[PDB]
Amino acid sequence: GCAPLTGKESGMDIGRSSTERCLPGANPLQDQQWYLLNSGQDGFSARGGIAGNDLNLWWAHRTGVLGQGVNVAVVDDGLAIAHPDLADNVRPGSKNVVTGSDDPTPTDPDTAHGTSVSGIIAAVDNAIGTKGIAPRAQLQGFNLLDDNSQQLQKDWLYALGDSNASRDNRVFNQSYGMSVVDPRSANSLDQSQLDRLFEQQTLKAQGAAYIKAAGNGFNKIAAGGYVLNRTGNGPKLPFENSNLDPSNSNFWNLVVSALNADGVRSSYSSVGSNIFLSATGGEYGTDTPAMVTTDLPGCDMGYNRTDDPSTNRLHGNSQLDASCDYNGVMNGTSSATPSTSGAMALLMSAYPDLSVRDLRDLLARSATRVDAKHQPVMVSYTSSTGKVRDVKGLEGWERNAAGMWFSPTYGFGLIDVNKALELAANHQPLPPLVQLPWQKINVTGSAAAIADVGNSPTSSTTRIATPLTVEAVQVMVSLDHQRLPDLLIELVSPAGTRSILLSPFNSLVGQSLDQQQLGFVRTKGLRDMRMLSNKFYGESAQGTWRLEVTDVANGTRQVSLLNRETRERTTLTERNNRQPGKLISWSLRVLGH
């Protein structure tokens, strides 16, 4: 009841509420994949969301744009390559790094994450199960995250493009990330080696798009042998800012946040200045929709199996899924990532030979400005000189000096595949990427001081002399401070545009953790911590850029701890610094054209 379209219907409304909006196909579960097309259906959960909040890909599907000829790598916990709704799309070259074989299928029943990821991207278009976002894309799986994987550098390289088997993928799906309580540098040998690989693979003629989950730490993370979350008084700032995983600021990664079926940020989604776009991840599939996708086959394996019940109605279900080959509980930025990988494969199938940067440009300029009125999250405190200040800790939607709308929650906005394809038709390639040399400032004197609940930020500046249009900016920062989450770290462009690189009250509570279990503190502060902002996309680079750091808190905070080994619950107390912090150095790298 949804016919094929040609290229060439005049008067075609490609939008989210068009009368032409429908998905072709005979996949029995596709009408409960709200992420393909959101009609307010419940995804087998207790209730539906709001119609239109989806990837707006229906016109791609109707015109036969389906991911044909695009190779997607799923680097994850496994991939059941024989799955009845995946096998047709599996091409040769998967590697099981636990067994040595070509078959990354898991043998552990809980290891269903990568198979669920794969279905969102490329479940086969046929008369069973679901329909993938890009149902003619071809998959490989590399099970780097199986419980018994050693997660060896050699295998990460193999899976992310540095072997014969994987080099000719044009999309790398990384539904994974790191949570931390102490800051990390991005300069380790292993990290820089992967960054060199991602640079090579992105910028070459057959260029590959790396896609990366922002994290699911808005409220809780697991790190250091614990599950941690804040409790008590406090602003609604993410516990995990998306700039914390050092990998998320490497530029080559397109980092995505998760959106739910109501058209707002998924409760758990990490956010920050480095989010490029928002894509569909849902909630939990219990009370509200999550991602209907391919499960490990059988009722003894996967997220849909007898031993791991769910209130999602697809799971118990002899009528709709008698061999428990599908599930309704897949979620997370882990799901926003394949939603993005799928969108990217659709674009690449229509316009092969546009660069990754051009595809980013199209995705950014075509994104939907969802949740347009969400407010900034403010931090109020009495400053050191007696004045109450109320400053942004996280922005809402803001328009930069070049006219581009951006938010740390949604990036440039929710993916709109149909509109990206409309823009692509007459898109002129961007000029080649220019990566300006790093500019490092070594800060000295009384300008280094960061006062407790400062009345003004501590500022340090550097002038970019080169005319350039900005795409992204990277910063590295070094400072001393005895209670890191008190710090708000911002970057200001020559136009006066601001971007919060690190929101305060994040998960960097490890100094307090160390005091409690060791009796001393290992972390003095940030050391070459990398952050990235997309806020400045389109702006002129020439002029003075300003790093501004403020300590915005002198009150005590409590953090709840759950010991992962011993389910014992304890309480961590962050006590105020009581010696002023110190900026040591920072570096700026402008990436543009």
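Each residue number is its position in the shown sequence, starting from 1.
Stretches compared: 517 to 525, 264 to 272. Higher mean C-alpha B-factor in the entry: 517 to 525. Relative to its counterpart among 449 to 457 and 362 to 370, 449 to 457 has the higher mean temperature factor, C-alpha atoms as listed in the PDB entry. Per the PDB record, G285 has a higher Cα B-factor than any other of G141, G217, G100, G285. Per the PDB entry, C324 shows the highest C-alpha temperature factor of the residues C324, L254, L433, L197. Ranked within its chain, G11 lands in the highest third, by CA B factor from the PDB record.
Per-chain ranking of the deposited C-alpha B factor places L491 in the highest third. Annotation for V477: CA B-factor lies in the highest third of the chain's modelled residues.
Placement of the Cα temperature factor of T107 within the chain: highest third of the modelled residues, per the deposited record. Among the modelled residues of its chain, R305 has a C-alpha B-factor that falls in the highest third according to the deposited record.
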